[PDB]
Amino acid sequence: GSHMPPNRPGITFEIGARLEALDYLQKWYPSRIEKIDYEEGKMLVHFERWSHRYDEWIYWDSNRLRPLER
C-alpha cells in the first residue's frame with residue numbers, strides 16, 4: 001500500500017520541494033524532488049543545474065538527504 005512519508009526535519013515531501021542531496025561523488029548539491037514513490041518509499045531527486053541523466057532514486061529515510069539551511 002501507499003505509505004505516509006517519515007518525519008524528516010526540514011524536508012517537505014512535495015513535488016518540486018527543495019533540499020540538499022549527496023551525489024555519488026560525495027558532494028552536497030541543492031536539489032528538488034521530481035517524483036515520489038509512496039509504495040517503495042523513495043523519491044526521484046534532481047540535482048539543480050545538472051542534466052536529468054543524473055536524477056537519482058533515493059529512499060526517503062536516507063542520510064544522503066538533508067534540508068536546506070533555514
# chains A, B, ... in the order shown; residues from 1 in each chain; ligands from 1
$ residues_around --residues "region 56-67 of chain A" --least-positions-apart "4" --cutoff "7 Å" --atoms "only C-alpha atoms" --output "PyMOL selection string"
chain A and resi 10-11+19-22+41-46
$ select_by_dssp --residues "chain A" --states "strand (DSSP E)" --output "PDB file with C-alpha atoms, in the first residue's frame"
ATOM      1  CA  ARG A  18      13.926  21.683  -2.459  1.00  0.00           C
ATOM      2  CA  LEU A  19      16.534  20.020  -0.263  1.00  0.00           C
ATOM      3  CA  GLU A  20      20.200  19.047  -0.491  1.00  0.00           C
ATOM      4  CA  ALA A  21      21.382  15.659  -1.711  1.00  0.00           C
ATOM      5  CA  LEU A  22      24.738  13.907  -1.545  1.00  0.00           C
ATOM      6  CA  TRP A  28      26.152  18.032  -1.433  1.00  0.00           C
ATOM      7  CA  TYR A  29      24.004  19.797  -4.035  1.00  0.00           C
ATOM      8  CA  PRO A  30      20.814  21.836  -3.899  1.00  0.00           C
ATOM      9  CA  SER A  31      18.184  19.579  -5.393  1.00  0.00           C
ATOM     10  CA  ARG A  32      14.471  19.207  -5.944  1.00  0.00           C
ATOM     11  CA  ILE A  33      12.005  16.339  -5.680  1.00  0.00           C
ATOM     12  CA  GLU A  34      10.906  15.241  -9.172  1.00  0.00           C
ATOM     13  CA  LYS A  35       8.785  12.210  -8.222  1.00  0.00           C
ATOM     14  CA  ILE A  36       7.723  10.401  -5.056  1.00  0.00           C
ATOM     15  CA  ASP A  37       7.078   6.637  -4.971  1.00  0.00           C
ATOM     16  CA  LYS A  42      11.738   6.667  -2.351  1.00  0.00           C
ATOM     17  CA  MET A  43      11.973   9.896  -4.307  1.00  0.00           C
ATOM     18  CA  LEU A  44      13.491  10.890  -7.630  1.00  0.00           C
ATOM     19  CA  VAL A  45      15.964  13.655  -6.811  1.00  0.00           C
ATOM     20  CA  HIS A  46      17.127  16.157  -9.427  1.00  0.00           C
ATOM     21  CA  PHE A  47      20.421  17.948  -8.793  1.00  0.00           C
ATOM     22  CA  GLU A  56      18.620   9.509  -8.742  1.00  0.00           C
ATOM     23  CA  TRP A  57      16.100   7.475  -6.764  1.00  0.00           C
ATOM     24  CA  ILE A  58      16.916   7.911  -3.070  1.00  0.00           C
ATOM     25  CA  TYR A  59      14.988   6.201  -0.279  1.00  0.00           C
ATOM     26  CA  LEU A  65      19.238  13.808   2.103  1.00  0.00           C
ATOM     27  CA  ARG A  66      19.336  16.906   4.299  1.00  0.00           C
TER      28      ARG A  66
END
$ residues_around --residues "residue 39 (chain A)" --least-positions-apart "4" --cutoff "7 Å" --atoms "only C-alpha atoms" --output "ChimeraX atom specification"
/A:1-3
$ write_last_selection --atoms "N, CA, C and O atoms" --output "short mmCIF file (atom, residue, chain, number, x, y, z; two decimals), in the first residue's frame"
data_model
loop_
_atom_site.label_atom_id
_atom_site.label_comp_id
_atom_site.auth_asym_id
_atom_site.auth_seq_id
_atom_site.Cartn_x
_atom_site.Cartn_y
_atom_site.Cartn_z
N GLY A 1 0.81 -1.20 0.00
CA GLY A 1 0.00 0.00 0.00
C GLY A 1 0.84 1.26 0.00
O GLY A 1 2.06 1.19 0.16
N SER A 2 0.20 2.40 -0.20
CA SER A 2 0.89 3.68 -0.18
C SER A 2 1.19 4.09 1.25
O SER A 2 0.36 3.90 2.15
N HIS A 3 2.39 4.63 1.47
CA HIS A 3 2.88 4.94 2.81
C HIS A 3 2.99 6.44 3.03
O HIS A 3 3.42 7.17 2.13
#
$ atom_distance --atom1 "CA of residue 53 (chain A)" --atom2 "CA of residue 8 (chain A)"
26.6 Å
$ atom_distance --atom1 "CA of residue 48 (chain A)" --atom2 "CA of residue 9 (chain A)"
21.1 Å
$ atom_distance --atom1 "CA of residue 55 (chain A)" --atom2 "CA of residue 38 (chain A)"
17.6 Å
